[PDB]
Every structure is written in structure tokens, then in C-alpha cells.
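Student: My questions will all concern the structure given below.
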Amino acid sequence: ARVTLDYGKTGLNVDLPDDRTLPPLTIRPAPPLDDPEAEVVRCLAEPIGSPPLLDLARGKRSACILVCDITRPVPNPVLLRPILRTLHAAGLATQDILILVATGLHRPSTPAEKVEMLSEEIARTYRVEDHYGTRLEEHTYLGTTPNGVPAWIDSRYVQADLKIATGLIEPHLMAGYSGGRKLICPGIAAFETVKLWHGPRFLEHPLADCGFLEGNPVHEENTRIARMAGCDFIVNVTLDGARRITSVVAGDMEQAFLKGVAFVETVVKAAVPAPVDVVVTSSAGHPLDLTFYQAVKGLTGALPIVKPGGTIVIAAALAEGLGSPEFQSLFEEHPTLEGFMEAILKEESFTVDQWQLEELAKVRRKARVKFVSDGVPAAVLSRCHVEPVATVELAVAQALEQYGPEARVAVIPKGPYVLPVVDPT
Ligand SMILES: *C(=S)c1cc(C(=O)S)c[n+]([C@@H]2O[C@H](COP(=O)(O)O)[C@@H](O)[C@H]2O)c1
Ligand code: NI
């Protein structure tokens, strides 16, 4: 059974045993939009739950447009050219318009990344700046939620007369789905906010997980925080496995987002009849699989269909390596995941990116992990609570020998962009 797993910029061609392997779990077919940019134009004229963007923008003196950073494969020019043309038609000059990269707590985008994200012409024609989550002085305090999270949001967005956000609706291991409100919290929120919102009091709950909005405390809270900042207009898209846009939603930050989620829920779920002992997955290739930090998403994404004590085999290119210095420091400070969890469950201290180690700890309570990558040497991966294995085919052979002849293999080529589920019926 030959399959191409997502892997860096290339894919990875794997051959899995026919007798042991279930049919691959894939996004359901939906027709790509032939001309998604023209659809964005139409949706800006007739949006969901808001005035047309042209009428909203007229008389506004300044605009701030939130865009995702490199880790999200948003086809930004498709969304931005319509927005920028409408703002021009509304009378805003280009100098009135700021594009703000909603990094969350990620490192800033590089000059080359801005070109990759936005296109060269857009990137040199409008001001493009990065959010810095550890610079509290660049944020404005908006209040504290009923659950005690202070809302600190980037001042360039707070001060803008017209607030716009763009993004991509995909499953997310903490917030259920990306998009909508998440461009604000945490996209332009300070560590003072994010350290609490990404704390164990949120992440240890079972529905802080892929595909859950209802019942997910993470989503309740980032929606509440985004409502405190406000957002006048969003444009969000969904993408199929080949990265073609399959839907566009525009308008009210909540109503448009929920319509996009309703769409993605019709295609993202891939069901199996029972969990299996071996799950082969990816980190969705470039650009998500740049770091081990992000590749944890492939591991959490596989959890619903792995049996307790099973093995997840993941392939990810890891072209940028492990991730932030702070994320890397946690492995040095806590040799075992149990000890790491004891430390963070005390709430005495907060470290940038600790939330992803908390998610890796959740994976490792349920499953072994075999990790296939050339971006990081085996000795380095072995210190990150995964077993480096030279090839996916070898890793699967090893797991099948360990579990015995009844074991089955599932495979998820697009990794965390699929929502695998067990349907016992
Ligand atoms: C979601 S919890 C999230 C977390 C971070 C952290 O650093 S923590 C960063 N981001 C970035 O915010 C933008 C919007 O997120 P979405 O999940 O794509 O809707 C995007 O640039 C993310 O990289 C998000
Ligand atoms: Ni986050």
C-alpha cells in the first residue's frame, strides 16, 4: 500500500503492508472554488452578519489587518487583494493600512517569510509588522474575564479605527479549530494573557482538543477575550488536502467563523470502526512541520484512533529544528514528562511554549511515539520523548512485531488537517 505522507516541501513516499493497513484517512471531497479571489470579492459585498466591508470602512481613518504567520498556509494574496481594493475604494490611503502578523507567542516572521506569506508586491507596498508576545509595553489592557484572565492585546490593533482579521479554519489541538477569534487571542495577545489561557487549568480538560468548540473551555475563553477587543470584519478560508480553497466566509467575527466551521465539519472527519495499535501520521508538511514544537500536533491529532499503549509513527521534515529556546529549555530542566507535569501543575511559574510539552505529555500517557525525520539528528530527538527510527516502513515493522499478528495500522497522510474518529456503529 503506497502512500505519500505530507513532509516538508516534497512529501514522503512510504510503502505500508497491504495485509495490515486500513484504507488511508483523508479529507472528504468537496469541489474547490474555481476562483476563490473572486469569491472573496463577492463575500465582501454580501457578508454574513455585517455591513459590506466598503460601507464599514468608509470614513475610517486607520485599519489594522491581522494575518497568520508562516506556520499557517493561508493563501494571503487571495484574501488581501480584495480587502485592500475595498479599503482603497472606501477612501483609506495605503499608509492608513497596517498588516500585523499575528504570531501569538511565536518568533517574528522574517523578511523572506513576509514575502512567502503575502507576496512581494503586497509586502513592499504596505507596512507589515510583527506581534511580540513578550513585550507587554506593546499591548493595551482591556479588562479581565470572569475566569480571571487579563486581556492584553496589541496596541496597534486596539488603536486602529477598522479592525480586520484573516485566517484559515483547520483543526487545532487546544482551541478545537483555528480561525476567527484566534487571530486576536492569542494571535496578538501578550504572554501575560497567554500564559494563563494556555495554562493547565485550560489544557488538562478532555474537550481542550481537536474538533471541539462546544464544551471546550479554551474556545469559550478566546472568544470572550476577542469580544473584549472587538473585530469589525473577518475573512476565513478552508483548504482541501491539495491546498485548494474549498470555502470562503466573510463578515462578523463569530457568525462567519461558525459558518466556516460548519463547512469544515462536513469534510474533515475520517471515521474508523475501532482504534488500532499503530497509527502512521504526518505534521501536514510545509509550513506546519518546520519544528518539533508544531509537529506535536500530528501526535495529538492521532490520539482518538490509537489504542491505549499503542504506537504513533510520525514523519515530519523539521527543517527549522526543535523550536524556541524556551521550549528546548524545558526538556533540559525536566528529564521526565511526569516531573515536567508535576512542576507546571503547581502554577508557581510559567515558561513560554510549555503548553506544547504539556500536549506531548498527554500523548505519551496514551501511546509510544516513533519519529521519522532528517531535520534533527536521532540523538537530539531521543531527548524529546520520542523514539527516532530511520524510516516509516521500519518503524511500522518494529511496531507490528511488538504488538503481534492481530495489530492493525491506520495512516493519515495529511496528519493534523484530518479529524480521525471512531464510529462504533
Ligand atoms: C493558537 S493557540 C495559536 C497559538 C500560538 C502561540 O504562540 S501559543 C500562535 N498562534 C498564531 O496565531 C495566529 C492565529 O492562529 P490560528 O490557530 O491560525 O487561528 C496564527 O498566526 C498562529 O500561528 C496561534
Ligand atoms: Ni497558542
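A note on labels: chains of the C-alpha cells are A, B, ... as shown, every chain counts residues from 1, and ligands are counted from 1 in their shown order.
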Which residues sit within 8 Å of ligand 1, counting only C-alpha atoms and all ligand atoms, listed as a VMD selection string?
Tutor: chain A and resid 67 to 72 101 to 106 167 to 170 172 174 to 175 177 to 188 194 198 353 355
Student: Looking at only C-alpha atoms, which of A:9, A:307, A:346, A:163 is the one that sits closest to residue 232 of chain A?
Tutor: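 The answer is A:163, which sits nearest to residue 232 of chain A.
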Student: Closest to ligand 2 among A:119, A:222, A:4, A:144, using only C-alpha atoms and all ligand atoms?
Tutor: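 Once distances to ligand 2 are computed over only C-alpha atoms and all ligand atoms, the minimum belongs to A:222.
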Student: Could you check how far atom CA of residue 66 of chain A sits from atom CA of residue 100 of chain A, in Å to one decimal?
Tutor: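 Pair atom CA of residue 66 of chain A / atom CA of residue 100 of chain A returns 5.0 Å.
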Student: Just the residues within 9 Å of residue 265 of chain A, please, counting only C-alpha atoms, with nothing from its chain fewer than 4 positions along; format it as an MDAnalysis selection string.
Tutor: chainID A and resid 211 260:261 269 419
Student: Step one, run DSSP on the backbone; step two, keep only residues of segment 79-203 of chain A assigned to strand (DSSP E); then write them as an NGL selection string.
Tutor: :A and (97-102 or 127-130 or 139-144 or 150-154 or 162-168 or 171-172 or 176-177)
Student: Residues at most 8 Å from residue 248 of chain A, counting only C-alpha atoms, excluding those fewer than 6 positions away in the same chain, as number ranges by chain?
Tutor: A: 36, 39-40, 43, 235-238, 260
Student: Near residue 26 of chain A, within 7 Å and counting only C-alpha atoms, which residues show up once chain neighbours fewer than 3 positions away are dropped, as a PyMOL selection string?
Tutor: chain A and resi 270+412+418
Student: Would you output that residue set with N, CA and C atoms, as a CSV table (one decimal), in the first residue's frame?
Tutor:
chain,number,residue,atom,x,y,z
A,270,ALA,N,-12.7,11.8,9.4
A,270,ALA,CA,-12.4,10.5,8.8
A,270,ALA,C,-12.6,9.4,9.8
A,412,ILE,N,-2.7,8.4,8.2
A,412,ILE,CA,-3.3,9.8,8.0
A,412,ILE,C,-2.3,10.6,7.2
A,418,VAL,N,-6.6,16.4,9.3
A,418,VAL,CA,-7.7,15.5,9.3
A,418,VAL,C,-8.1,15.3,10.8
Student: Please list as a PyMOL selection string every residue within 9 Å of residue 301 of chain A, counting only C-alpha atoms and excluding residues in the same chain fewer than 3 positions away.
Tutor: chain A and resi 171-173+209-210+281+296-298+304-305+415-420
Student: Determine, counting only C-alpha atoms, which protein, DNA and RNA residues have an atom within 7 Å of an atom of residue 21 of chain A; residues of the same chain fewer than 2 positions away are not included. Present the result as a count of residues only.
Tutor: 8
Student: Given the choices A:425, A:402, A:391, A:50, which gets closest to residue 15 of chain A if the distance is worked out from only C-alpha atoms?
Tutor: A:391
Student: Report as a PyMOL selection string: the residues of segment 115-322 of chain A with a DSSP assignment of helix (DSSP H, G or I), based on the backbone of this structure.
Tutor: chain A and resi 115-118+120-125+136-138+155-158+180-183+191-197+200-203+217-229+253-265+288-290+292-305
Student: When distances are computed from only C-alpha atoms and all ligand atoms, which of A:82, A:308, A:176, A:273 shows the smallest separation from ligand 2?
Tutor: A:176
